[PDB]
Amino acid sequence: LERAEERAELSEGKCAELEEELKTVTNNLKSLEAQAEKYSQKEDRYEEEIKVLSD
Amino acid sequence: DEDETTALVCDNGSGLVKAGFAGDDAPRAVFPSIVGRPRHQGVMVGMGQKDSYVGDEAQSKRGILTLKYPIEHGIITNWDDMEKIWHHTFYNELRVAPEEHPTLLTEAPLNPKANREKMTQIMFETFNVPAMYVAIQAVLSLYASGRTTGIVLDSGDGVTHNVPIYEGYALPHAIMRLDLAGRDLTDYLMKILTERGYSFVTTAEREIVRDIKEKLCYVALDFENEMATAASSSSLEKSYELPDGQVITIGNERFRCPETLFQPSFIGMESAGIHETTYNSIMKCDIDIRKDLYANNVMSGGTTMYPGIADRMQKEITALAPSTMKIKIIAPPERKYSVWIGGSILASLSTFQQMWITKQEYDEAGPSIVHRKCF
Amino acid sequence: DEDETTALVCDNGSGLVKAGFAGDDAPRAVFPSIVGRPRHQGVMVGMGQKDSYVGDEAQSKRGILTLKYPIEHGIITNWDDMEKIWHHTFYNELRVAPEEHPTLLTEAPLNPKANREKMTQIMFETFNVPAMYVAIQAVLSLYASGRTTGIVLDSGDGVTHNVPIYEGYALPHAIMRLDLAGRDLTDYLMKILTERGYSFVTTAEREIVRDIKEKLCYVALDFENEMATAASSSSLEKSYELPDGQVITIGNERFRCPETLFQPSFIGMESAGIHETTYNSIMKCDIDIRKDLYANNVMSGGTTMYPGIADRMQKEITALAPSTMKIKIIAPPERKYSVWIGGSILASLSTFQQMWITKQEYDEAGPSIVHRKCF
Amino acid sequence: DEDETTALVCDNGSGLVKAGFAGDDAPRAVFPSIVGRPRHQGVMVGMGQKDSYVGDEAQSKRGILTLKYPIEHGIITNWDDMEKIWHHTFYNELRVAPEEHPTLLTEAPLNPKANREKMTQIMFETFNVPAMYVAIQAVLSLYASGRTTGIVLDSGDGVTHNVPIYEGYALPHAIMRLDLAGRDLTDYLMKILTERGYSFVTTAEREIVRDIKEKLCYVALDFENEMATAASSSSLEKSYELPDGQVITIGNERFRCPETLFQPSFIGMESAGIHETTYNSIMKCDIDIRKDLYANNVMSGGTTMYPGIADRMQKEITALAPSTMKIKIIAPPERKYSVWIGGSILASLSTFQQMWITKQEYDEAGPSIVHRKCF
Ligand SMILES: Nc1ncnc2c1ncn2[C@@H]1O[C@H](COP(=O)(O)OP(=O)(O)O)[C@@H](O)[C@H]1O
Ligand SMILES: Nc1ncnc2c1ncn2[C@@H]1O[C@H](COP(=O)(O)OP(=O)(O)O)[C@@H](O)[C@H]1O
Ligand SMILES: Nc1ncnc2c1ncn2[C@@H]1O[C@H](COP(=O)(O)OP(=O)(O)O)[C@@H](O)[C@H]1O
């Protein structure tokens, strides 16, 4: 039980660590979703600067 | 127990000494820089009991010990305790005999020469090492990270050195030595946990608070948003189990402590903050250097592991930086371990084999040799 | 019966409560912070007899009461009992109803926030006080002592705060709070008196040991020289008459008990003493501050009522301090009462009229307001 | 308190400010170019305490203030702090309302024009001065020294200008401007005092190191010989006392700080040093000019107070110079103050009374007028 509880604690430790990493990565995912979109928009703002400059 | 005369590597901080042998990618063990002493009178006969305990012994028997660290913001001031820490490290756990191996130690480039001279002296005079080198922590994180350029920000337990490196060169006029680290963050947390009804003063209590910070705290990408939320709702509290079965919950203190890195005024320090010192190290470099340092904000040591810090530091520099410039943080998993790792890499480089001080050179040159051979 | 609608002042410590009116000389009455309750079965009927006794009532009928203290280590933990102490204090000795009078209460800045919130809440919700303020005991000590600059060493019943103040500003990171106070000195004396053949375990016995300490003990400017004679000759003993006619004497224990303040390990505390905390508070302040704090160590509170303490402290800090520098101590006759004195001074200052929390502000904000407006 | 409407003269540098009245021999008051602000939370009530402190007030109350210098390498960027410095200088110490007196301010000709435009503006738009004249420090240096012809060597706290003047005319193509000055020399000293075990980082500490430099540092005629000697013997060590009783003993750092003027790489500067630039200013002038400039190398401003500087500069220029030619340095006792004196001389010359901008020509033309009327 102590070892199983220890495993629960170690696994919970990992669970929490992964959760923290999950959230960090997910938060990065979200900032990156925002960046991938802002960047796709920049891909267009810059493409537009090229089109405008081309004109 | 090694089958080659590989250099030994030991990263001696105010927190823990990371140690192992050159060529690995990790220390064999981390040896807290602690020497403990009993603070009570023995009653029972035949109990063994020593005058002092070292490293993990000091923490394991801490219930009746007073625990002290020999290192003050990167400089060893208590050499008796470091000989015990080093002896234990080699003798019991690394299973190392320094007499047969070169040894590489690490240090902030900004610390008093007394420390680099004395570390050179003890490995040659107490441990009989055949060779020595003391390395720069900015350099060591950059090697571990695969970089030659960047601002290295330690924000460690002891000191923050804030050192810009370009193409492998130091840019010393742009260095911001800062007297702010995890040891101060911990004291701040003890005072704000006192506000919550949990008074932490004695050694067992100090070690608990350092454990609370390490498991519960974060910086926050945006302090004020987390501040206002954590101060308004229990949904931001996180619990911690105290060793006696009691528990503590922590609210906005969870980030108010780490925040001192960005706001040193929290502990009475007069400082720009880690994001401004990082910024100023970029800003003070030449105009054709600035772009490369903006793109290479390099992490070193611990606290760089706090949630929101890699994103926050990049935002805080961006907010101060000129437009056009692209600002990026290099925050590898080799975090909290990159200085030791850099030592392994450096000790092992073919280009570094002539950088080692040999025993014969040391004996002829005297202790001041570290100034001519290391840095 | 009063000639002004002035503020009320009450230094509610873990020991005693000093109470009176702001603008007066001293407290009108000093009460033990005690609520007493009978521990025996009644046999006679129509004997009056209270469920609980307060302050001086608790001590006057103590022969069959167990006596409890609602305040410990600077914090009220039993708000119901403090409301009872206050109802008695205000209506029976000060002859005032707080409903028409602003009231000032005191704490240490490092006590849990609950202390300031319950002090404020009791007076606003059970007494309907028109206004409240929670004061800093160190500030009150400085006003009473004639200082704006110095280290306040309050050495109280439940806690020693140790705070540097410069030009009216706090240097809060330099507060060296110590878990050693007069209540612990009493318990230490009980144990050493037991070694001498006089065991004390119950409340009546505990109140007497505190009384023995207060009348017989001293600290000594030099405890080693004092011990050389006190441990060698009966001429250094002093007798105390116990309530039951027995006589107890104390020899070198007479100064070894107070010596705990310079040796906290005597009660199991991990500390070097008050002079170490005084010194470190100075050390954590800037170099252009330190000169004024060395010249202004301020003793306040009780337990400073030990002969030899002003000289003991000057020697003990001088011993840690740099040479050339002058180390000086302020230790006025307004000892133990100086916090009350400061309370009256602060409550009545024209510059303090806007520092008060009014009932309207309290009702709109709730009790957490004390944390934001007082300090 | 002045009996005549003479010009006010104020030399406002990045270090100190020299203020007095034209026609006199010396400034009446000297202030640091500092505005101080408290960096701590007030604890006591009715303590007064200013929001900001100026000049000597800023240093006198500095124990809890952060001290800022409004001038960055010779240019004023903080005009809120400079109007405080000027108001204090005029109103409290010179006891004058500028409305009744013309004012002379000073700056190098390569100082961005924005600064002389703003100096003209502060006196006309905030202080309502009836007239203005911004002077060239080199012009003032030669008047004070009794010369019309010579090299002005003026390394200050901010920058070094290096300007040749012949028969009163400037040879501007020969000006060698360097970002090399006392503020950087001080920064180098802080780093090397850290190497010795004395780490100085806070405002109080930064002011101490600057004070150490002024009292202990020198250059020596021969650097290699002074270096070799300091490295060989304690006879070149000098002590300094710090405000709290600490004592620092300084060795070769005593001249390595000043050495940066000849070795700018010590502070990350791309320069060959002040002697190369003093020499080049002579060299860039026509050969029928050079003979008079070589024989009249004139020191002004501070840093010229380092013993061995007049002789090292004369020797280095001589070594770089053609043979036969006589090289001589003028280094009068009116050093560090001679620019103020030159200000007094210029402001009061009858030949200069038509050079003053009135508050009419200024208002009609605007701020840019300084570029046409002064320099
Ligand atoms: N996950 C984390 N959360 C909060 N702080 C951390 C974390 N990891 C490391 N730090 C802090 O950094 C320090 C340990 O990092 P480290 O650089 O390895 O010490 P050292 O210099 O002795 O090697 C401690 O003060 C620790 O509290
Ligand atoms: N002569 C004395 N000897 C020892 N202790 C004393 C003496 N006089 C007063 N004290 C101590 O003063 C304490 C209460 O005073 P006080 O300082 O006003 O508490 P506080 O400041 O925290 O409100 C008690 O513990 C009492 O024993
Ligand atoms: N004894 C000295 N040692 C080193 N430098 C000096 C000495 N005396 C004067 N100087 C420098 O010159 C400054 C004062 O002269 P000055 O040049 O007129 O002010 P500024 O350069 O700011 O215009 C001082 O701040 C100091 O740094």
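Quick note: numbers on chain B are straight from Swiss-Prot, i.e. 3-377, in order.
When the header is checked for method, it gives electron microscopy, 4.8 Å.
Any Cβ shown, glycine's included, is placed from N, Cα and C.
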Quiz item: From B:48-60, B:243-255, B:360-372, which range did Swiss-Prot mark with region 'Interaction with alpha-actinin'?
Solution: B:360-372
Quiz item: Among B:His42, B:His75, B:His89, B:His373, which is annotated tele-methylhistidine in Swiss-Prot?
Solution: B:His75
Quiz item: Looking at the ranges B:98-111, B:112-125, B:266-279, which is given as region 'Interaction with alpha-actinin' in Swiss-Prot?
Solution: B:112-125
Exercise. Name, in order along the sequence, the modified residues among B:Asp3, B:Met46, B:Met49, B:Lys86, B:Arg179 with a Cβ closer than 8 Å to any chain D Cβ.
Key: B:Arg179
Self-check item: B:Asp3 (N-acetylaspartate) and B:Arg179 (ADP-ribosylarginine), distance between Cα atoms, whole Å
Solution: 39
Practice problem: For each of the modified residues (B:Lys63, B:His75), count the other CB atoms lying within 10 A of its CB, then report the residue with the highest count. | Solution: B:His75
Exercise. List which of the modified residues B:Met46, B:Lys63, B:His75, B:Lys86 have a Cβ under 8 Å from any Cβ of chain C, in sequence order, or say none.
Key: none
Quiz item: Between B:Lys63 (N6-malonyllysine) and B:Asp3 (N-acetylaspartate), what is the CA-CA distance rounded to a whole number of Å?
Solution: 28
Quiz item: Counting every protein chain present, what is the number of Cβ atoms, excluding its own, within 10 Å of the Cβ of B:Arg179 (ADP-ribosylarginine)?
Solution: 22
Practice problem: List the residues of the same chain that sit at least 6 positions away from B:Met49 (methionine (R)-sulfoxide) in sequence and have their Cβ under 8 Å from its Cβ, in sequence order, or write 'none'. | Solution: none
Practice problem: Around ligand 3, within a Cβ distance of under 6 Å, which of the modified residues B:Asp3, B:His75, B:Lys86 show up? | Solution: none
Quiz item: Using C-alpha atoms, which one of the modified residues B:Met46, B:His75, B:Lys86 comes nearest to B:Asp3 (N-acetylaspartate)?
Solution: B:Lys86
Self-check item: Structural state census, the region 'Interaction with alpha-actinin' (B:360-372) (DSSP three-state)
Solution: 11 helix, 1 strand, 1 coil
Quiz item: Any idea what the Cα distance is from B:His75 (tele-methylhistidine) over to B:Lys86 (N6-methyllysine), rounded to a whole Å?
Solution: 20
